[PDB]
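One chain is shown next in structure tokens, namely the form deposited in one PDB entry.
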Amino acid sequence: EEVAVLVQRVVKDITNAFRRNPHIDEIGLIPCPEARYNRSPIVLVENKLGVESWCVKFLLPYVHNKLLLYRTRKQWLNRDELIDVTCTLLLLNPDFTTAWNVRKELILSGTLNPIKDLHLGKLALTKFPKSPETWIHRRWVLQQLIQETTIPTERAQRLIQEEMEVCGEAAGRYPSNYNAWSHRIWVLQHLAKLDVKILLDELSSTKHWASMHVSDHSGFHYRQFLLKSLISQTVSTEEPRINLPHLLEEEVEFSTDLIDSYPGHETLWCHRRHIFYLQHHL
């Protein structure tokens, strides 16, 4: 029908939307029953990218089927075309593993720049902040940025801090976002190598976040992880030794100060309960 050209126009509208505006915060769905005359469903307001709902029922299966044809070698696509379709495909359904795998091959072949995928996933995590495959792909991309060939490099800390931001924002959009906090932990293990400095900075900054999300056991587990990792590293940067029993008593105080303020939340109960385990085993 006319859908063949109405949709193929959109995949360029989205691609051109990124060239026009590099600083796009989030993507979103705009409630729209039917198409507006000669108006693209791709609406760019401020730093926000909107997609009118009427086109989604047409846009997705077009791009979806196009990638599968490429994967099965039923239809050839330019590497520029391949990037464009996978991009619009993953903004609609980031759980589509194969599309991510295709981009992996592009990155590994040298066609695609790894940073472009980080920013892509970052946008996808605004509409789908809990999408498992997105976090999975992120780990592969990050792992490729270390295999390029002690405190990690300056560029590494730039990436790590970037991971702390997206894991935090994704934790704010969905309550008890397991996959988000699990990724944040994974970063500190492989990207930061349990750096004593970063562990402390993470412990300090997230203390306020925990007070504003008391029912988020995933966030409080991150607290437990930070503390548990500090014990492993300590067996200036030598002060956490005397501070180790002090941080644990500060944490149990901070938790008690929340249970007395906000009773009922079993997370706070479970958190303190877990902190007790740390103090008893030293």
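Position 1 is the first residue in the sequence shown; the rest follow in order.
- In the other compared entries of this protein that model both flanking residues, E148 lacks coordinates in at least a third of them.
- Coordinates for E239 are absent from at least a third of the other compared entries of this protein that model residues on both sides of it.
- Per the record, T149 and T150 are separated by a gap of 10 or more residues from the deposited sequence that were not modelled.
- Per the record, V235 and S236 are separated by a gap of 10 or more residues from the deposited sequence that were not modelled.
- When 120 to 128 is weighed against 199 to 207, 199 to 207 comes out higher, by mean CA B-factor as recorded in the entry.
- Stretches compared: 155 to 163, 174 to 182. Higher mean C-alpha B-factor in the entry: 155 to 163.
- Residues shown: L244, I27, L226, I30. Highest C-alpha temperature factor in the entry: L244.
- Placement of the Cα temperature factor of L248 within the chain: highest third of the modelled residues, per the deposited record.
- Residue-level temperature factors show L145 in the middle third of its chain, judged at the C-alpha atom.
- Per-chain ranking of the deposited C-alpha B factor places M212 in the highest third.
- In the PDB entry, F254 places in the highest third of its chain by CA B-factor.
- Remark: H64 belongs to the lowest third of its chain, ranked by C-alpha B-factor as recorded.
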